[PDB]
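Contents: one structure, followed by commentary.
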Amino acid sequence: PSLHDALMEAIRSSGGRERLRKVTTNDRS
Amino acid sequence: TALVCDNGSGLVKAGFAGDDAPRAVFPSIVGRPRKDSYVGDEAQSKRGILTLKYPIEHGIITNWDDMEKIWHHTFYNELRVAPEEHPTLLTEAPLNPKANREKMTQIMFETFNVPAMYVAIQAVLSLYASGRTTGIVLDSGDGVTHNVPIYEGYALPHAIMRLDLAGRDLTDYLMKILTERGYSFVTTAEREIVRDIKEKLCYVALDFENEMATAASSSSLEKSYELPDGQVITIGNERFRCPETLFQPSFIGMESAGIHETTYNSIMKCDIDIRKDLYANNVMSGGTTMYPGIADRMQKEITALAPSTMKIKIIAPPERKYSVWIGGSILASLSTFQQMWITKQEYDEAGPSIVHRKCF
Ligand SMILES: Nc1ncnc2c1ncn2[C@@H]1O[C@H](COP(=O)(O)OP(=O)(O)OP(=O)(O)O)[C@@H](O)[C@H]1O
Ligand SMILES: [Ca+2]
Ligand SMILES: [Ca+2]
């Protein structure tokens with residue numbers, strides 16, 4: 001019933017890094 | 001396309017929400033002659049005739065002029081975006097002072113003219129990246145180490161623990177013990193070699209004394225390291241003596257508790273009814289948690305401290321040196337997050353203190 005409740009549910013069911021666009025890192029660490 | 005900027009004591013991680021990794025990672029440094037200033041890697045690639053300054057110390061922004069240079073360099077030089085066209089998610093350390101987060105907001109809206117922004121707690125984002133909204137995060141980077149227990153997206157401030165030792169201290173300690181072995185690492189270029197040895201060959205022993213005995217009676221734990229010029233040196237028990245400091249800070253003269261003990265103390269400061277879920281959801285994040293063997297050692301040490309019937313689980317994702325950023329990339333690309341942004345319209349009405357009402 002709260003927006004925060006829906007957001008937390010969305011975080012748990014997001015698939016994690018799996019559903020994020022594969023990009024290349026210009027990593028200069 | 002919202003932006004995600006994860007500002008650390010040592011490294012900036014920046015990219016676009018929805019991507020699986022930051023587009024740009026570069027040192028959080030500004031350099032001046034020993035042109036006017038050099039920011040990021042051009043300061044790094046000139047680490048020899050400039051004096052470097054770190055605008056973030058122990059996870060806290062302390063030099064706001066140089067931090068502005070970092071943010072300008074991130075937007076224009078690295079991401080190649082106009083900040084006026086992109087909502088920008090920023091990250092903060094646990095227990096970041098109210099004045100700091102308010103000035104973060106003011107600079108974003110008034111100096112960079114972002115249409116919207118947000119400030120999230122770094123350890124919370126790392127928990128999100130692992131698909132969790134309850135758990136306890138061990139976040140260890142370059143300047144600071146934190147234990148952050150989290151209940152349904154909310155950090156529990158009274159139970160947050162801190163250890164003021166992280167990757168930079170470990171690099172310095174590996175430098176110290178390699179020189180006690182007979183090597184010389186004095187130049188800035190040689191310090192970067194020590195950091196590379198640390199990140200490539202160091203590991204956490206399951207038991208310090210057993211491992212020392214193995215290294216004393218055999219060559220089985222020794223590794224070859226080829227310097228950039230060509231010389232090959234041998235690394236022995238320094239491989240695990242260096243990160244042992246995380247569990248035994250007295251190796252560098254700190255009487256603080258090690259990371260297994262700050263984790264246990266953090267859980268014990270939480271309400272008893274959530275401790276079971278915390279013990280089963282220990283998430284490791286930050287570059288200094290990357291050592292091989294660290295999860296198995298934490299499991300052993302926490303098991304020794306916790307009730308014998310408690311289920312202990314250490315989660316150490318392979319991407320955890322970018323877990324904070326990935327968590328921000330996930331959060332900022334969720335449709336339910338749209339109403340959470342601080343809009344420039346909201347900033348004009350309330351002012352910089354709007355961050356206290358919208359970011360928590
Ligand atoms: N594979 C590895 N093994 C050990 N240490 C590593 C590894 N990779 C990176 N590190 C260390 O992690 C540190 C930087 O990590 P991270 O980006 O999490 O810190 P930060 O966000 O810049 O600083 P902080 O979080 O303390 O403000 C550096 O000291 C680096 O040497
Ligand atoms: Ca960090
Ligand atoms: Ca001690």
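A note on labels: chains of the structure tokens are A, B, ... as shown, every chain counts residues from 1, and ligands are counted from 1 in their shown order.
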Residues contacting ligand 1 - anything with an atom at most 7 Å away, using only C-alpha atoms and all ligand atoms - can you give me those as a PyMOL selection string? chain B and resi 7-12+58-59+139-145+166-168+171+195+198-200+202+286-291+321
May I have the residues within 12 Å of residue 2 in chain A as a PyMOL selection string, using only C-alpha atoms and disregarding those fewer than 6 positions away in the same chain? (chain A and resi 8-9) or (chain B and resi 336)
Pull out every residue of chain B sitting within 10 Å of chain A, counting only C-alpha atoms, and send them as number ranges by chain. B: 10-28, 40-41, 44, 78, 127-134, 152-153, 319, 323, 326-327, 329-331, 333-337, 339-340
Atomic distance CA of residue 48 in chain B - CA of residue 65 in chain B, expressed in Å with one decimal: 22.7 Å
Please report as a Markdown table every residue of chain B lying within 8 Å of ligand 3, along with the nearest atom pair and their distance in Å (one decimal), using only C-alpha atoms and all ligand atoms.
| residue | atom | partner | partner_atom_place_in_ligand_line | distance |
| --- | --- | --- | --- | --- |
| B:248 | CA | ligand 3 | 1 (Ca) | 5.2 |
| B:249 | CA | ligand 3 | 1 (Ca) | 5.5 |
| B:250 | CA | ligand 3 | 1 (Ca) | 4.3 |
| B:251 | CA | ligand 3 | 1 (Ca) | 7.6 |
| B:254 | CA | ligand 3 | 1 (Ca) | 6.9 |
| B:255 | CA | ligand 3 | 1 (Ca) | 4.9 |
| B:256 | CA | ligand 3 | 1 (Ca) | 6.4 |
| B:257 | CA | ligand 3 | 1 (Ca) | 6.4 |
| B:258 | CA | ligand 3 | 1 (Ca) | 7.4 |
Hey, what does DSSP flag as strand (DSSP E or B) within range 73-303 of chain B? Can you give it to me as an mmCIF file with C-alpha atoms, in the first residue's frame?
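Heads up, here's the output in part_38.cif:
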data_model
loop_
_atom_site.group_PDB
_atom_site.id
_atom_site.type_symbol
_atom_site.label_atom_id
_atom_site.label_comp_id
_atom_site.auth_asym_id
_atom_site.auth_seq_id
_atom_site.Cartn_x
_atom_site.Cartn_y
_atom_site.Cartn_z
ATOM 1 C CA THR B 88 21.979 12.169 -11.369
ATOM 2 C CA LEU B 89 22.104 9.602 -8.568
ATOM 3 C CA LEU B 90 24.948 10.170 -6.109
ATOM 4 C CA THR B 91 26.191 7.980 -3.269
ATOM 5 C CA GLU B 92 27.242 8.814 0.280
ATOM 6 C CA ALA B 116 16.858 15.931 -10.694
ATOM 7 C CA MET B 117 19.136 14.129 -8.262
ATOM 8 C CA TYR B 118 19.246 11.707 -5.338
ATOM 9 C CA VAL B 119 21.720 10.629 -2.649
ATOM 10 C CA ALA B 120 21.787 6.959 -1.623
ATOM 11 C CA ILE B 121 23.809 5.229 1.085
ATOM 12 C CA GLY B 135 20.835 -7.813 5.409
ATOM 13 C CA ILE B 136 24.144 -6.596 6.787
ATOM 14 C CA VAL B 137 26.792 -5.264 4.400
ATOM 15 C CA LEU B 138 30.545 -5.197 4.946
ATOM 16 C CA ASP B 139 31.777 -2.377 2.689
ATOM 17 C CA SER B 140 35.566 -2.000 2.506
ATOM 18 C CA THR B 145 35.463 0.038 6.226
ATOM 19 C CA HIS B 146 31.861 -0.087 7.471
ATOM 20 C CA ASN B 147 29.360 -2.624 8.745
ATOM 21 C CA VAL B 148 25.865 -1.469 7.783
ATOM 22 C CA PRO B 149 22.846 -3.472 8.976
ATOM 23 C CA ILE B 150 19.799 -2.772 6.829
ATOM 24 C CA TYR B 151 16.110 -3.514 7.432
ATOM 25 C CA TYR B 154 16.699 1.467 5.874
ATOM 26 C CA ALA B 155 20.153 1.471 7.425
ATOM 27 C CA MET B 161 30.167 -0.044 12.847
ATOM 28 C CA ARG B 162 33.331 1.491 11.429
ATOM 29 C CA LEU B 163 36.939 0.417 10.968
ATOM 30 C CA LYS B 223 54.365 -16.672 -6.263
ATOM 31 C CA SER B 224 56.370 -15.123 -9.083
ATOM 32 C CA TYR B 225 55.719 -11.480 -9.933
ATOM 33 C CA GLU B 226 57.203 -9.881 -13.049
ATOM 34 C CA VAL B 232 60.931 -11.379 -11.400
ATOM 35 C CA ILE B 233 60.543 -11.258 -7.621
ATOM 36 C CA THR B 234 59.092 -13.862 -5.269
ATOM 37 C CA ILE B 235 56.166 -13.137 -2.935
ATOM 38 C CA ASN B 282 26.089 -11.006 5.156
ATOM 39 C CA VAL B 283 26.965 -9.221 1.899
ATOM 40 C CA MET B 284 30.550 -8.237 1.093
ATOM 41 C CA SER B 285 31.194 -5.197 -1.091
#
Hey, what's within 12 Å of residue 189 in chain B if we count only C-alpha atoms and toss same-chain stuff fewer than 2 positions away? As number ranges by chain, please? B: 44-48, 184-187, 191-196, 227-229
